[PDB]
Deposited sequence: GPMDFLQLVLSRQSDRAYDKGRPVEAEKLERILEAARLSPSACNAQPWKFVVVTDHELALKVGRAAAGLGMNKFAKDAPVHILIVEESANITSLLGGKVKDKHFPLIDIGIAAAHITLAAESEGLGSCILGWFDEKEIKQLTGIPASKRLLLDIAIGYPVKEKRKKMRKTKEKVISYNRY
């Protein structure tokens, strides 16, 4: 069920460092991303997929800071989402949902990262200074269990026929 996939997908903050992601799994994740809807079908994104062992280490280190994202250096894959000139931001959320749901459907863990050293990750991967790097999605096999979800109550987030 789709709902079981939604429930099992979580932010994994620990990865098996020595354990590679298979090329066919990653390709299906990026296909899900590419096939995302977008306003005007503008598809205003580029996914820079870091799979090189040494590069991924460096990208994951540049995602860490201020006590956050220490686990990022352990994920063997980092999908960097660059805005390709409002709706772009909505569109990139769409694509992130498709990446992380696809990762979970493939037995892989993921974590969307909005906090990182944008400058350094852009230098490491040759992204122009003038392009906005918006998210890094870490991908790898998880080592910790499924935590229980915390969400706001229905009444705070959902009303019928009425604000």
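S.K.: Report the unmodelled segments of the deposited sequence as residue ranges counted from 1.
M.R.: Residues lacking C-alpha coordinates: 1-3, 89-102.
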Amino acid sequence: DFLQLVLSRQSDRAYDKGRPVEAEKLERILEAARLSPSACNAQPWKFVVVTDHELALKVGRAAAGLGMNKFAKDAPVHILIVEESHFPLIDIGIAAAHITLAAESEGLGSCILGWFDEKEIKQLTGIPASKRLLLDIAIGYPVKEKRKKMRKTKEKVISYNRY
From here on, numbers count along this sequence of modelled residues.
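S.K.: When the C-alpha temperature factors are averaged for each of 49-57 and 96-104, which stretch ends up with the higher value in the entry?
M.R.: For C-alpha atoms only, the mean B-factor is higher in 49-57.
S.K.: If you take the mean CA temperature factor per stretch, which one wins between 29-37 and 116-124?
M.R.: Comparing averages over the C-alpha atoms only gives 116-124.
S.K.: Among 130, 43, 69, 110, where is the Cα temperature factor highest, going by the PDB entry?
M.R.: Going by the entry's C-alpha B-factors, 130 comes out highest.
S.K.: Residue 84's Cα B-factor: lowest, middle or highest third of the chain?
M.R.: Top third by C-alpha B-factor.
S.K.: Lowest, middle or highest third: where is residue 153 by C-alpha B factor in its chain?
M.R.: Highest third of the chain for residue 153's C-alpha B-factor.
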